[PDB]
Amino acid sequence: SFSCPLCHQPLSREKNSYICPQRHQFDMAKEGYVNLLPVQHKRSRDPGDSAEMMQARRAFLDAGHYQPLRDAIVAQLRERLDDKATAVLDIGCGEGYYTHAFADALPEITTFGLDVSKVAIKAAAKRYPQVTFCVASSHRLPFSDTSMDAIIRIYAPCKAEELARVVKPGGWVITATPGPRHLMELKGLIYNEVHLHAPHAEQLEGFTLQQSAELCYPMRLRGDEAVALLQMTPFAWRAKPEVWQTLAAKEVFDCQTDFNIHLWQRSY
Amino acid sequence: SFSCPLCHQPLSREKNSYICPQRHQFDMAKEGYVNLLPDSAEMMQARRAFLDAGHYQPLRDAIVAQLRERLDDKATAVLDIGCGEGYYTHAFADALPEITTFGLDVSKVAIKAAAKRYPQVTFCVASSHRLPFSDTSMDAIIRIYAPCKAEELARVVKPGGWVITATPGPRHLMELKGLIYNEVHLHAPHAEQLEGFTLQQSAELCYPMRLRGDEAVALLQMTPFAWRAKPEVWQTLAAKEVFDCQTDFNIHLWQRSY
Ligand SMILES: C[S@+](CC[C@H](N)C(=O)[O-])C[C@H]1O[C@@H](n2cnc3c(N)ncnc32)[C@H](O)[C@@H]1O
Ligand SMILES: C[S@+](CC[C@H](N)C(=O)[O-])C[C@H]1O[C@@H](n2cnc3c(N)ncnc32)[C@H](O)[C@@H]1O
Ligand SMILES: [Zn+2]
Ligand SMILES: [Zn+2]
């Protein structure tokens with residue numbers, strides 16, 4: 001039920017191509033995703049998130065350190081969605097560590113994983129068949145209005161209007177971002193005085209906060225795992241050698257995680 | 001000296017904004033920079049950390065020379081392309097106290113930082129695609145590692161004006177890329193040419209550096225080949241208390257035909 005990245009009209013499908021009323025065709029890569037981006041802009045980049053690191057976030061998550069969060073969302077959905085659900089969408093579905101679990105937990109429905117990392121989507125789509133992965137910029141969702149029963153937003157940004165447009169009325173939106181104390185001990189190894197900042201409750205014109213939770217728990221990280229984790233965080237470069245030397249030789253590093261989950265309904 | 005990102009016409013500077021005979025709105029932010037626009041912050045920051053540690057001071061030093069040496073009493077304007085957060089621009093601005101030093105970049109976060117830190121430089125945010133200035137207004141345009149069609153170069157530059165570019169030479173950061181390369185081959189970068197301009201001087205500037213693990217990491221974060229670096233390579237380099245690598249800077253002094 002995609003929309004045309006270009007004319008924004010329903011994408012009708014023929015075998016393995018998507019075509020819109022005005023003859024815009026998008027083919028499916030051999031793996032199964034649907035590229036939906038332009039032809040040659042900014043694709044050329046300044047990564048940070050290229051194959052190397054994707055394999056990291058991935059390899060890190062495959063240790064399930066974050067599974068609690070997935071479990072939380074999965075159950076969250078297993079509950080709100082009724083038996084009249086057709087499909088859910090996962091904005092920012094990276095290589096789909098989280099999404100494939102949602103799908104495996106919602107068989108009767110179609111699971112979509114949108115992300116903007118071609119390299120990521122490729123990896124996802126190849127590993128997880130139970131998900132229809134599409135590759136595009138979510139500044140304007142690649143879906144027809146009122147087409148989704150729920151949308152999962154795990155730390156990936158999005159506009160309110162698009163939420164209102166794509167989500168059926170009575171539908172859901174589930175968002176999860178880091179909480180104040182998320183990964184303190186780590187930030188504790190590199191900052192002058194660690195400033196945790198108290199997040200203001202946000203709002204989605206069009207929805208209703210039906211539940212707000214917090215999920216905090218401690219992780220016993222091994223040397224590598226820690227460094228690995230430090231490696232994929234905004235501050236990584238403030239870590240002076242000493243930090244990495246110790247953090248890496250550390251038998252067990254202790255770090256707590258604090259995620260902030262939300263759950264709104266698309267008003268009827 | 002600006003030029004409408006809209007009607008491509010002159011710009012009236014009235015108090016804290018600019019407009020033309022077109023009701024086209026472009027105002028001045030609280031920091032002093034102007035946005036004529038129709039990476040992250042941790043890096044603009046990590047970059048500035050590295051640049052301020054003074055490892056590219058030589059480069060800034062030499063370019064300043066070029067300027068002090070070529071512009072005369074009649075100079076007035078001097079645009080810097082890709083000015084980022086002002087690390088080099090301002091240095092010029094000082095050196096040239098009689099002319100106006102403009103600094104441009106497409107990075108608000110970065111521009112803003114400089115706008116706020118370097119007051120002796122009129123900064124603005126826009127693309128390098130079409131220079132935000134009127135024809136033949138600049139007396140010199142500095143272009144350290146920035147892209148810019150030679151046409152805009154020629155159009156905005158007063159005749160007999162100058163263009164100073166700075167780009168990586170054959171050996172630039174060898175050792176770095178030597179860390180993330182099976183084969184150590186990266187042959188002769190050739191012919192940067194500027195139609196409409198006549199090369200007046202070419203210089204190379206190579207000197208060794210003694211970087212600290214994090215400095216190396218930040219530098220690699222500024223490098224085009226970074227995306228190739230494996231994790232083990234990032235962790236390792238970061239752990240090294242002292243990493244050694246050379247610099248290879250090519251500098252061209254182009255003069256605008258009369
Ligand atoms: C709210 S937490 C933040 C994690 C990290 N500790 C940090 O400081 O940014 C969820 C993170 O998991 C990652 N994520 C979400 N979906 C993913 C996917 N499908 N594959 C790989 N990573 C994913 C994102 O980088 C996101 O920031
Ligand atoms: C002189 S450095 C050479 C380092 C280069 N990244 C390398 O591969 O070794 C050139 C880089 O610095 C940027 N630059 C010049 N001035 C800057 C400023 N004031 N703030 C941020 N970046 C700046 C250029 O646009 C370019 O990306
Ligand atoms: Zn179309
Ligand atoms: Zn105009």
# chains A, B, ... in the order shown; residues from 1 in each chain; ligands from 1
$ interface_residues --of "chain A" --to "chain B" --cutoff "6 Å" --atoms "only C-alpha atoms" --output "ChimeraX atom specification"
/A:50,52,237,240-241,244-245
$ residues_near_ligand --ligand "ligand 4" --cutoff "8 Å" --atoms "only C-alpha atoms and all ligand atoms" --output "PDB file with N, CA, C and O atoms, in the first residue's frame"
ATOM      1  N   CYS B   4      20.761  37.569  -3.880  1.00  0.00           N
ATOM      2  CA  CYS B   4      19.494  36.873  -3.625  1.00  0.00           C
ATOM      3  C   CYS B   4      19.456  35.376  -3.949  1.00  0.00           C
ATOM      4  O   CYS B   4      19.567  35.018  -5.113  1.00  0.00           O
ATOM      5  N   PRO B   5      19.317  34.483  -2.939  1.00  0.00           N
ATOM      6  CA  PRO B   5      19.238  33.050  -3.222  1.00  0.00           C
ATOM      7  C   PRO B   5      17.965  32.820  -4.009  1.00  0.00           C
ATOM      8  O   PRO B   5      17.609  31.678  -4.314  1.00  0.00           O
ATOM      9  N   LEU B   6      17.274  33.911  -4.338  1.00  0.00           N
ATOM     10  CA  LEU B   6      16.025  33.808  -5.078  1.00  0.00           C
ATOM     11  C   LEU B   6      16.018  34.459  -6.466  1.00  0.00           C
ATOM     12  O   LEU B   6      16.013  33.754  -7.482  1.00  0.00           O
ATOM     13  N   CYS B   7      16.045  35.785  -6.526  1.00  0.00           N
ATOM     14  CA  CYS B   7      16.024  36.471  -7.813  1.00  0.00           C
ATOM     15  C   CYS B   7      17.426  36.734  -8.368  1.00  0.00           C
ATOM     16  O   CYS B   7      17.571  37.376  -9.414  1.00  0.00           O
ATOM     17  N   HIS B   8      18.444  36.228  -7.669  1.00  0.00           N
ATOM     18  CA  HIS B   8      19.856  36.402  -8.047  1.00  0.00           C
ATOM     19  C   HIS B   8      20.257  37.874  -8.167  1.00  0.00           C
ATOM     20  O   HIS B   8      21.185  38.220  -8.902  1.00  0.00           O
ATOM     21  N   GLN B   9      19.565  38.733  -7.425  1.00  0.00           N
ATOM     22  CA  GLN B   9      19.806  40.172  -7.460  1.00  0.00           C
ATOM     23  C   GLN B   9      20.530  40.659  -6.213  1.00  0.00           C
ATOM     24  O   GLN B   9      20.673  39.916  -5.246  1.00  0.00           O
ATOM     25  N   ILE B  19      17.185  41.885   1.705  1.00  0.00           N
ATOM     26  CA  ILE B  19      16.137  41.719   0.713  1.00  0.00           C
ATOM     27  C   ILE B  19      16.417  42.573  -0.524  1.00  0.00           C
ATOM     28  O   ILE B  19      17.256  43.503  -0.542  1.00  0.00           O
ATOM     29  N   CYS B  20      15.714  42.170  -1.565  1.00  0.00           N
ATOM     30  CA  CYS B  20      15.791  42.782  -2.856  1.00  0.00           C
ATOM     31  C   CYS B  20      14.451  43.289  -3.252  1.00  0.00           C
ATOM     32  O   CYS B  20      13.492  43.196  -2.469  1.00  0.00           O
ATOM     33  N   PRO B  21      14.367  43.875  -4.471  1.00  0.00           N
ATOM     34  CA  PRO B  21      13.078  44.372  -4.954  1.00  0.00           C
ATOM     35  C   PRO B  21      12.214  43.152  -5.323  1.00  0.00           C
ATOM     36  O   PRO B  21      11.897  42.974  -6.503  1.00  0.00           O
ATOM     37  N   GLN B  22      11.819  42.336  -4.338  1.00  0.00           N
ATOM     38  CA  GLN B  22      11.042  41.093  -4.589  1.00  0.00           C
ATOM     39  C   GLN B  22      10.248  40.522  -3.379  1.00  0.00           C
ATOM     40  O   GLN B  22       9.548  39.496  -3.501  1.00  0.00           O
ATOM     41  N   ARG B  23      10.376  41.165  -2.217  1.00  0.00           N
ATOM     42  CA  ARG B  23       9.664  40.731  -1.009  1.00  0.00           C
ATOM     43  C   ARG B  23      10.077  39.314  -0.618  1.00  0.00           C
ATOM     44  O   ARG B  23       9.265  38.482  -0.181  1.00  0.00           O
ATOM     45  N   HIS B  24      11.376  39.080  -0.792  1.00  0.00           N
ATOM     46  CA  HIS B  24      12.038  37.823  -0.475  1.00  0.00           C
ATOM     47  C   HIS B  24      12.693  37.933   0.932  1.00  0.00           C
ATOM     48  O   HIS B  24      13.619  38.729   1.164  1.00  0.00           O
TER      49      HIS B  24
END
$ atom_distance --atom1 "CA of residue 115 in chain A" --atom2 "CA of residue 229 in chain A"
21.5 Å
$ residues_near_ligand --ligand "ligand 1" --cutoff "6 Å" --atoms "only C-alpha atoms and all ligand atoms" --output "JSON, numbers by chain"
{"A": [57, 58, 92, 93, 94, 95, 96, 97, 98, 154, 155, 176, 177, 178, 233, 259]}
$ write_last_selection --atoms "N, CA and C atoms" --output "PDB file, in the first residue's frame"
ATOM      1  N   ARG A  57      26.379  -2.586  15.540  1.00  0.00           N
ATOM      2  CA  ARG A  57      25.071  -2.427  16.174  1.00  0.00           C
ATOM      3  C   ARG A  57      24.456  -3.819  16.137  1.00  0.00           C
ATOM      4  N   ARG A  58      24.513  -4.431  14.964  1.00  0.00           N
ATOM      5  CA  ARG A  58      23.969  -5.755  14.804  1.00  0.00           C
ATOM      6  C   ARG A  58      24.609  -6.745  15.751  1.00  0.00           C
ATOM      7  N   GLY A  92      12.487   3.340  10.986  1.00  0.00           N
ATOM      8  CA  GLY A  92      13.852   3.230  11.491  1.00  0.00           C
ATOM      9  C   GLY A  92      14.237   1.790  11.793  1.00  0.00           C
ATOM     10  N   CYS A  93      13.774   0.870  10.966  1.00  0.00           N
ATOM     11  CA  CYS A  93      13.993  -0.557  11.212  1.00  0.00           C
ATOM     12  C   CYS A  93      15.409  -1.078  10.966  1.00  0.00           C
ATOM     13  N   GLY A  94      16.376  -0.207  10.911  1.00  0.00           N
ATOM     14  CA  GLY A  94      17.760  -0.624  10.727  1.00  0.00           C
ATOM     15  C   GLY A  94      17.860  -1.979   9.993  1.00  0.00           C
ATOM     16  N   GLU A  95      18.700  -2.871  10.503  1.00  0.00           N
ATOM     17  CA  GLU A  95      18.822  -4.178   9.894  1.00  0.00           C
ATOM     18  C   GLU A  95      17.748  -5.084  10.434  1.00  0.00           C
ATOM     19  N   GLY A  96      16.756  -4.509  11.061  1.00  0.00           N
ATOM     20  CA  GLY A  96      15.625  -5.261  11.581  1.00  0.00           C
ATOM     21  C   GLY A  96      15.853  -6.218  12.763  1.00  0.00           C
ATOM     22  N   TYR A  97      16.639  -5.808  13.749  1.00  0.00           N
ATOM     23  CA  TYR A  97      16.854  -6.652  14.907  1.00  0.00           C
ATOM     24  C   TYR A  97      15.526  -6.728  15.662  1.00  0.00           C
ATOM     25  N   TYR A  98      14.901  -5.562  15.831  1.00  0.00           N
ATOM     26  CA  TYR A  98      13.648  -5.465  16.555  1.00  0.00           C
ATOM     27  C   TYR A  98      12.424  -5.889  15.768  1.00  0.00           C
ATOM     28  N   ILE A 154      11.442   3.148  17.125  1.00  0.00           N
ATOM     29  CA  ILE A 154      12.482   2.963  18.123  1.00  0.00           C
ATOM     30  C   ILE A 154      13.661   3.893  17.945  1.00  0.00           C
ATOM     31  N   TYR A 155      13.577   5.025  18.622  1.00  0.00           N
ATOM     32  CA  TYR A 155      14.605   6.051  18.569  1.00  0.00           C
ATOM     33  C   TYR A 155      14.712   6.722  17.202  1.00  0.00           C
ATOM     34  N   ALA A 176      10.036   4.600  21.606  1.00  0.00           N
ATOM     35  CA  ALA A 176      10.980   4.248  22.646  1.00  0.00           C
ATOM     36  C   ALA A 176      12.259   5.031  22.408  1.00  0.00           C
ATOM     37  N   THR A 177      12.699   5.805  23.392  1.00  0.00           N
ATOM     38  CA  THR A 177      13.950   6.554  23.276  1.00  0.00           C
ATOM     39  C   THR A 177      14.710   6.357  24.577  1.00  0.00           C
ATOM     40  N   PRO A 178      15.959   6.836  24.640  1.00  0.00           N
ATOM     41  CA  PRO A 178      16.708   6.661  25.882  1.00  0.00           C
ATOM     42  C   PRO A 178      16.137   7.569  26.986  1.00  0.00           C
ATOM     43  N   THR A 233      28.553   5.334  20.113  1.00  0.00           N
ATOM     44  CA  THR A 233      27.798   6.374  20.790  1.00  0.00           C
ATOM     45  C   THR A 233      28.394   7.706  20.407  1.00  0.00           C
ATOM     46  N   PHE A 259      15.274   3.161  29.136  1.00  0.00           N
ATOM     47  CA  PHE A 259      14.471   3.498  27.954  1.00  0.00           C
ATOM     48  C   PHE A 259      13.155   4.062  28.409  1.00  0.00           C
TER      49      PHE A 259
END
$ residues_around --residues "residue 63 in chain A" --least-positions-apart "3" --cutoff "12 Å" --atoms "only C-alpha atoms" --output "PyMOL selection string"
chain A and resi 56-60+66-68+97+219-222+225+228-229
$ write_last_selection --atoms "N, CA and C atoms" --output "PDB file, in the first residue's frame"
ATOM      1  N   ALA A  56      28.178  -3.946  13.562  1.00  0.00           N
ATOM      2  CA  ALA A  56      28.434  -3.790  15.000  1.00  0.00           C
ATOM      3  C   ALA A  56      27.102  -3.698  15.733  1.00  0.00           C
ATOM      4  N   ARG A  57      26.379  -2.586  15.540  1.00  0.00           N
ATOM      5  CA  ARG A  57      25.071  -2.427  16.174  1.00  0.00           C
ATOM      6  C   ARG A  57      24.456  -3.819  16.137  1.00  0.00           C
ATOM      7  N   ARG A  58      24.513  -4.431  14.964  1.00  0.00           N
ATOM      8  CA  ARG A  58      23.969  -5.755  14.804  1.00  0.00           C
ATOM      9  C   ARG A  58      24.609  -6.745  15.751  1.00  0.00           C
ATOM     10  N   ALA A  59      25.880  -7.037  15.543  1.00  0.00           N
ATOM     11  CA  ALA A  59      26.553  -7.999  16.394  1.00  0.00           C
ATOM     12  C   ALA A  59      26.314  -7.718  17.880  1.00  0.00           C
ATOM     13  N   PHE A  60      26.185  -6.437  18.248  1.00  0.00           N
ATOM     14  CA  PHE A  60      25.944  -6.056  19.647  1.00  0.00           C
ATOM     15  C   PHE A  60      24.566  -6.474  20.101  1.00  0.00           C
ATOM     16  N   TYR A  66      19.808  -5.708  24.494  1.00  0.00           N
ATOM     17  CA  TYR A  66      18.637  -4.863  24.432  1.00  0.00           C
ATOM     18  C   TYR A  66      17.300  -5.563  24.289  1.00  0.00           C
ATOM     19  N   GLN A  67      17.349  -6.886  24.182  1.00  0.00           N
ATOM     20  CA  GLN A  67      16.147  -7.693  24.051  1.00  0.00           C
ATOM     21  C   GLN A  67      15.046  -7.256  25.027  1.00  0.00           C
ATOM     22  N   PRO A  68      15.391  -6.935  26.281  1.00  0.00           N
ATOM     23  CA  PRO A  68      14.314  -6.522  27.176  1.00  0.00           C
ATOM     24  C   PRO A  68      13.419  -5.490  26.516  1.00  0.00           C
ATOM     25  N   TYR A  97      16.639  -5.808  13.749  1.00  0.00           N
ATOM     26  CA  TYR A  97      16.854  -6.652  14.907  1.00  0.00           C
ATOM     27  C   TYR A  97      15.526  -6.728  15.662  1.00  0.00           C
ATOM     28  N   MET A 219      23.424  -4.002  33.015  1.00  0.00           N
ATOM     29  CA  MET A 219      24.103  -4.930  32.128  1.00  0.00           C
ATOM     30  C   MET A 219      25.509  -5.133  32.597  1.00  0.00           C
ATOM     31  N   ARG A 220      25.903  -6.401  32.623  1.00  0.00           N
ATOM     32  CA  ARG A 220      27.243  -6.789  32.995  1.00  0.00           C
ATOM     33  C   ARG A 220      27.959  -6.993  31.660  1.00  0.00           C
ATOM     34  N   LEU A 221      28.649  -5.949  31.219  1.00  0.00           N
ATOM     35  CA  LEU A 221      29.374  -5.962  29.961  1.00  0.00           C
ATOM     36  C   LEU A 221      30.794  -6.472  30.096  1.00  0.00           C
ATOM     37  N   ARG A 222      31.214  -7.213  29.090  1.00  0.00           N
ATOM     38  CA  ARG A 222      32.550  -7.754  29.059  1.00  0.00           C
ATOM     39  C   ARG A 222      33.406  -6.607  28.484  1.00  0.00           C
ATOM     40  N   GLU A 225      32.574  -5.976  24.568  1.00  0.00           N
ATOM     41  CA  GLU A 225      31.204  -5.493  24.496  1.00  0.00           C
ATOM     42  C   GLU A 225      31.038  -4.047  24.923  1.00  0.00           C
ATOM     43  N   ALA A 228      32.888  -1.876  22.448  1.00  0.00           N
ATOM     44  CA  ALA A 228      32.069  -1.937  21.255  1.00  0.00           C
ATOM     45  C   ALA A 228      30.965  -0.911  21.404  1.00  0.00           C
ATOM     46  N   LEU A 229      30.272  -0.993  22.532  1.00  0.00           N
ATOM     47  CA  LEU A 229      29.157  -0.115  22.823  1.00  0.00           C
ATOM     48  C   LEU A 229      29.550   1.355  22.918  1.00  0.00           C
TER      49      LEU A 229
END
$ residues_near_ligand --ligand "ligand 3" --cutoff "7 Å" --atoms "only C-alpha atoms and all ligand atoms" --output "number ranges by chain"
A: 4-9, 20-24
$ closest_atom_pairs --of "chain B" --to "ligand 2" --cutoff "6 Å" --atoms "only C-alpha atoms and all ligand atoms" --output "tab-separated table"
residue	atom	partner	partner_atom_place_in_ligand_line	distance
B:82	CA	ligand 2	25 (O)	4.8
B:83	CA	ligand 2	19 (N)	4.5
B:84	CA	ligand 2	20 (N)	3.1
B:85	CA	ligand 2	20 (N)	3.6
B:86	CA	ligand 2	19 (N)	3.4
B:87	CA	ligand 2	19 (N)	3.8
B:88	CA	ligand 2	19 (N)	5.3
B:144	CA	ligand 2	15 (C)	5.7
B:145	CA	ligand 2	26 (C)	4.6
B:146	CA	ligand 2	25 (O)	5.0
B:222	CA	ligand 2	6 (N)	3.9
B:223	CA	ligand 2	8 (O)	3.7
$ residues_around --residues "residue 31 in chain A" --least-positions-apart "2" --cutoff "12 Å" --atoms "only C-alpha atoms" --output "PyMOL selection string"
chain A and resi 16+27-29+33-35+118-119+121-129+131-134
$ write_last_selection --atoms "N, CA, C and O atoms" --output "short mmCIF file (atom, residue, chain, number, x, y, z; two decimals), in the first residue's frame"
data_model
loop_
_atom_site.label_atom_id
_atom_site.label_comp_id
_atom_site.auth_asym_id
_atom_site.auth_seq_id
_atom_site.Cartn_x
_atom_site.Cartn_y
_atom_site.Cartn_z
N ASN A 16 7.14 -8.24 -9.52
CA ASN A 16 8.12 -7.73 -8.56
C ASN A 16 8.51 -6.30 -8.79
O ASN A 16 9.64 -5.90 -8.57
N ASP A 27 11.59 -1.34 -8.82
CA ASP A 27 11.83 -2.77 -8.78
C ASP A 27 12.34 -3.22 -7.43
O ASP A 27 12.88 -2.43 -6.65
N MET A 28 12.18 -4.51 -7.19
CA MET A 28 12.61 -5.12 -5.95
C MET A 28 13.98 -5.72 -6.11
O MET A 28 14.18 -6.48 -7.04
N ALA A 29 14.90 -5.38 -5.22
CA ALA A 29 16.24 -5.95 -5.29
C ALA A 29 16.11 -7.46 -5.08
O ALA A 29 15.12 -7.94 -4.52
N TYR A 33 13.85 -6.16 -0.78
CA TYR A 33 13.39 -4.84 -0.36
C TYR A 33 12.92 -4.01 -1.51
O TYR A 33 12.93 -4.45 -2.64
N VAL A 34 12.50 -2.80 -1.22
CA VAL A 34 11.99 -1.92 -2.25
C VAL A 34 12.71 -0.62 -2.11
O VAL A 34 12.43 0.13 -1.18
N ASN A 35 13.64 -0.31 -3.00
CA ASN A 35 14.30 0.98 -2.83
C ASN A 35 13.26 1.99 -3.22
O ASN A 35 12.47 1.73 -4.13
N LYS A 118 20.38 1.83 2.90
CA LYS A 118 20.37 0.82 1.86
C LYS A 118 21.15 -0.40 2.34
O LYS A 118 20.71 -1.55 2.18
N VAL A 119 22.32 -0.15 2.92
CA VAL A 119 23.17 -1.24 3.40
C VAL A 119 22.47 -1.99 4.51
O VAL A 119 22.59 -3.21 4.61
N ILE A 121 19.03 -2.07 5.10
CA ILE A 121 17.87 -2.76 4.58
C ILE A 121 18.25 -4.03 3.85
O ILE A 121 17.60 -5.05 4.00
N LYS A 122 19.32 -3.95 3.08
CA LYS A 122 19.78 -5.09 2.32
C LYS A 122 20.06 -6.25 3.26
O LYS A 122 19.62 -7.39 3.03
N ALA A 123 20.78 -5.94 4.33
CA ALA A 123 21.15 -6.91 5.34
C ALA A 123 19.92 -7.50 6.01
O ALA A 123 19.81 -8.72 6.20
N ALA A 124 18.98 -6.62 6.37
CA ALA A 124 17.74 -7.03 7.01
C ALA A 124 16.98 -7.98 6.09
O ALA A 124 16.81 -9.16 6.40
N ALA A 125 16.56 -7.45 4.96
CA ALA A 125 15.80 -8.17 3.95
C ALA A 125 16.36 -9.53 3.60
O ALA A 125 15.61 -10.46 3.28
N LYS A 126 17.68 -9.65 3.63
CA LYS A 126 18.31 -10.91 3.30
C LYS A 126 18.18 -11.92 4.43
O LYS A 126 17.96 -13.12 4.21
N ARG A 127 18.28 -11.43 5.66
CA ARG A 127 18.21 -12.27 6.84
C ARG A 127 16.81 -12.57 7.31
O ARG A 127 16.51 -13.70 7.68
N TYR A 128 15.96 -11.54 7.32
CA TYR A 128 14.57 -11.67 7.79
C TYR A 128 13.53 -11.59 6.66
O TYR A 128 13.12 -10.51 6.24
N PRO A 129 13.07 -12.76 6.18
CA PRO A 129 12.08 -12.79 5.10
C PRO A 129 10.68 -12.38 5.53
O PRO A 129 9.94 -11.77 4.76
N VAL A 131 9.54 -10.05 6.83
CA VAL A 131 9.26 -8.63 6.85
C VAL A 131 9.43 -8.03 5.46
O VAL A 131 10.35 -8.38 4.71
N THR A 132 8.51 -7.14 5.12
CA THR A 132 8.57 -6.45 3.85
C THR A 132 9.41 -5.22 4.13
O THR A 132 8.90 -4.27 4.69
N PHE A 133 10.69 -5.24 3.77
CA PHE A 133 11.52 -4.08 4.04
C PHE A 133 11.52 -3.14 2.88
O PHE A 133 11.61 -3.57 1.74
N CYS A 134 11.44 -1.86 3.18
CA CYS A 134 11.46 -0.88 2.14
C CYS A 134 12.56 0.08 2.57
O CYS A 134 12.81 0.23 3.76
#
$ residues_around --residues "residue 95 in chain B" --least-positions-apart "4" --cutoff "9 Å" --atoms "only C-alpha atoms" --output "PyMOL selection string"
chain B and resi 64-65+67-68+90-91
$ residues_around --residues "residue 151 in chain B" --least-positions-apart "3" --cutoff "8 Å" --atoms "only C-alpha atoms" --output "PyMOL selection string"
chain B and resi 154-155+195-196
$ write_last_selection --atoms "N, CA and C atoms" --output "mmCIF file, in the first residue's frame"
data_model
loop_
_atom_site.group_PDB
_atom_site.id
_atom_site.type_symbol
_atom_site.label_atom_id
_atom_site.label_comp_id
_atom_site.auth_asym_id
_atom_site.auth_seq_id
_atom_site.Cartn_x
_atom_site.Cartn_y
_atom_site.Cartn_z
ATOM 1 N N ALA B 154 35.043 32.160 -11.086
ATOM 2 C CA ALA B 154 35.351 33.231 -12.015
ATOM 3 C C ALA B 154 34.351 34.373 -11.973
ATOM 4 N N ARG B 155 33.079 34.040 -11.781
ATOM 5 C CA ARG B 155 32.031 35.051 -11.757
ATOM 6 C C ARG B 155 32.091 36.003 -10.571
ATOM 7 N N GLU B 195 39.216 27.011 -15.365
ATOM 8 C CA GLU B 195 38.985 27.793 -16.567
ATOM 9 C C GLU B 195 38.679 29.212 -16.137
ATOM 10 N N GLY B 196 39.281 30.171 -16.826
ATOM 11 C CA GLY B 196 39.069 31.568 -16.482
ATOM 12 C C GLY B 196 40.128 32.125 -15.548
#
$ residues_around --residues "residue 127 in chain B" --least-positions-apart "6" --cutoff "10 Å" --atoms "only C-alpha atoms" --output "list in words"
residues 5, 36, 37, 38, 81, 82, 104, 105, 106, 107 and 148 of chain B
$ write_last_selection --atoms "N, CA and C atoms" --output "compact mmCIF listing (two decimals), in the first residue's frame"
# COMPACT_ATOMS: atom_id res chain seq x y z
N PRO B 5 19.32 34.48 -2.94
CA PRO B 5 19.24 33.05 -3.22
C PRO B 5 17.96 32.82 -4.01
N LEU B 36 20.94 32.02 3.91
CA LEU B 36 20.44 32.22 2.56
C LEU B 36 20.18 30.84 1.97
N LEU B 37 19.80 29.92 2.84
CA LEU B 37 19.51 28.55 2.44
C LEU B 37 18.00 28.41 2.21
N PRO B 38 17.59 28.18 0.95
CA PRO B 38 16.17 28.04 0.59
C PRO B 38 15.39 27.07 1.48
N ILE B 81 35.21 29.64 1.25
CA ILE B 81 34.27 28.57 0.96
C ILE B 81 34.49 27.38 1.86
N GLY B 82 33.39 26.87 2.42
CA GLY B 82 33.41 25.71 3.30
C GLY B 82 33.98 26.04 4.66
N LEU B 104 31.46 31.20 4.58
CA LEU B 104 30.27 30.47 4.20
C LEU B 104 30.42 28.95 4.37
N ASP B 105 29.28 28.30 4.59
CA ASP B 105 29.20 26.86 4.74
C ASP B 105 27.73 26.44 4.71
N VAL B 106 27.47 25.14 4.51
CA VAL B 106 26.10 24.64 4.46
C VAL B 106 25.74 23.99 5.79
N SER B 107 26.49 24.31 6.84
CA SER B 107 26.27 23.69 8.14
C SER B 107 25.92 24.65 9.29
N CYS B 148 33.52 23.59 -5.64
CA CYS B 148 32.99 24.81 -6.23
C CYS B 148 33.29 24.93 -7.71
$ select_by_dssp --residues "range 35-142 of chain B" --states "strand (DSSP E or B)" --output "list in words"
residues 35, 77, 78, 79, 80, 100, 101, 102, 103, 104, 105, 122, 123, 124, 125, 133, 138, 139, 140, 141 and 142 of chain B
$ select_by_dssp --residues "range 48-185 of chain A" --states "alpha helix (DSSP H)" --output "PyMOL selection string"
chain A and resi 51-61+67-80+99-104+118-127+160-166+184-185
$ closest_residue --among "B:110, B:172, B:161, B:15" --to "residue 72 in chain B" --atoms "only C-alpha atoms"
B:161
$ closest_atom_pairs --of "range 112-210 of chain A" --to "range 70-86 of chain A" --cutoff "9 Å" --atoms "only C-alpha atoms" --output "tab-separated table"
residue	atom	partner	partner_atom	distance
A:147	CA	A:86	CA	8.7
A:148	CA	A:86	CA	7.7
A:149	CA	A:85	CA	6.1
A:150	CA	A:81	CA	7.8
A:152	CA	A:73	CA	8.3
A:171	CA	A:81	CA	7.8
A:172	CA	A:80	CA	7.7
A:174	CA	A:73	CA	7.6
A:175	CA	A:73	CA	8.9
A:176	CA	A:73	CA	8.6
